[PDB]
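One chain follows as structure tokens, the form deposited without xanthosine-5'-monophosphate.
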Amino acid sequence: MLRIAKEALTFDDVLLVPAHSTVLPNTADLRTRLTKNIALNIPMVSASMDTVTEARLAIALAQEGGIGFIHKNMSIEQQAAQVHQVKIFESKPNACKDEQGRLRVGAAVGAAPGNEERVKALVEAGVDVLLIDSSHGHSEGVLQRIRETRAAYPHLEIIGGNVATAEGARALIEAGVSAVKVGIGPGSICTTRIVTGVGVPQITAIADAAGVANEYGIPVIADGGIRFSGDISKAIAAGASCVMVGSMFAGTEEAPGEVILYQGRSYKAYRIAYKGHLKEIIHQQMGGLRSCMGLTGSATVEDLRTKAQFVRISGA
């Protein structure tokens, strides 16, 4: 009677299984793909949020091997100048760089009509990848905007999202995206779920999206619901090529905002706890992933993504 498509799993419903291994944490290879034609050295990209990514964080992340997405809450000119500032930026052996030896950078735009001028300025400033972000990637208007952008820029790497289903992933692929970003109500008690009743637990969302996207060689980016480094491992093993994070980098030295002192503690203000330099965070998070790769015998990210197994666990 009730129309239940299936049962859906989140991070806490599963654990990775240890396996025969010739991989040590320090020999694990963290390289992977953001898009069809863009390699990463670590599987982390930063969210296009105005408390997370401007040029300075985008530089610092690229130097550690990820890519940052410059946020769209600023003028066209400011957004293009920040993209440009990352591309011309000149001890960092894992730096994520293009074919021309420049730090990679991404930038976000909205899916509403009228963003053409912004896209054009971003591409002319040398952006490596354009993110069309939306709260509903399976919306026809979003699909339409992606197709228009792919036609106007046939060689531009474009990430479209967010979706949480096989059919949503396929629609984005058919609209021309270079990667599928996944996450609709991915957090266990998030606003979307509470307010709308809509959501898909993220391990199932990633796997369903990856099952389609794998057949085209198109990466899936996991966006949301990550609380601990162990969730990164799980998101990859479910099918994701990398993870997007936001609040985890908000509050770092390199993130926007000014440090202020308030009641004997340090916050960033525009208030979020001060987290020190981005790279210490990356080191701790990637130190968990590397241990997982040791325990699972995953030499490469792709081995974790396509071969590692899970067990299903109870609440207890």
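Between two forms, the rigid core is defined as the largest C-alpha subset superposing within 1.5 Å. We number the residues from 1 along the sequence you see. Only residues modelled in both forms are compared.
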*Do any residues of the deposited sequence lie unmodelled between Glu99 and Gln100, and which range holds their number: none, 1 to 3, 4 to 9, or 10 or more?*
none
_Interresidue gap class [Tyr270, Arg271; deposited sequence, unmodelled]_ = 10 or more
*Would you mind comparing 238-246 and 132-140 for me and telling me which has the higher average C-alpha temperature factor in the entry?*
132-140
*Taking the mean of the C-alpha B-factors per stretch from the entry, tell me the winner out of 203-211 and 218-226.*
218-226
*Which of these has the highest Cα B-factor in the record: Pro43, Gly264, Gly288, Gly68?*
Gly264
*In the PDB entry, which of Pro113, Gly168, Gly185, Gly106 has its C-alpha at the highest B-factor?*
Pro113
*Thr149 - which third its CA temperature factor falls in, relative to the rest of the chain*: middle
_Chain third (lowest, middle, highest) by recorded CA B-factor, residue given as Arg193_ = middle
*Third of chain Cα B-factors occupied by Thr32*: lowest
*What third of its chain's C-alpha B-factors does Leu172 belong to: lowest, middle or highest?*
lowest
*By the record's CA B-factor, is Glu117 among the lowest, middle or highest third of residues in the chain?*
highest
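Below: the form deposited with xanthosine-5'-monophosphate bound, not depicted.
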*Once the site C-alphas are superposed and xanthosine-5'-monophosphate is modelled as in the deposited bound form, is the result open or blocked, blocked being 3 or more ligand atoms within 2.4 Å of any backbone or C-beta atom of this form?*
open
_Partner-proximal stretch of 238-246, 116-124, 149-157, 78-86 relative to xanthosine-5'-monophosphate in the deposited bound form, 4.5 angstroms, heavy atom_ = 238-246
_Candidate from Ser229, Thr192, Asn214, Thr204 lying within 4.5 Å of xanthosine-5'-monophosphate in the deposited bound form - any heavy atom_ = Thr192
_Even though the partner isn't displayed, in the deposited bound form is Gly187 close enough to xanthosine-5'-monophosphate, meaning a heavy atom within 4.5 Å?_
yes
*asked:* Is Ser233 near xanthosine-5'-monophosphate? Define near as a heavy atom within 4.5 Å, in the deposited bound form.
replied: no
*Answer with yes or no whether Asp128 is in contact with xanthosine-5'-monophosphate in the deposited bound form, where contact means some heavy atom within 4.5 Å.*
no
*Is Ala47 close enough to touch xanthosine-5'-monophosphate in the deposited bound form, meaning at least one heavy atom pair within 4.5 Å?*
yes
*Out of 142-170, which residues reach within 4.5 Å of xanthosine-5'-monophosphate in the deposited bound form, heavy atoms considered?*
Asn162
*Hey, after the core superposition between this form and the one not shown, which of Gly187, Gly246, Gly110, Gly126 has the C-alpha moving 2 angstroms or more?*
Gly187
_So the CA-CA distance for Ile189 and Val311 moves by at least 3 angstroms in the deposited bound form. Closer or farther than here?_
farther
*Regarding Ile189 and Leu9, go with closer or farther for their CA spacing in the deposited bound form versus this form, the difference being 3 Å or more.*
farther
*Give me the stretches of at least three consecutive residues whose Cα atoms move by 2 Å or more between this form and the one not shown once the core is superposed.*
187-189, 264-270
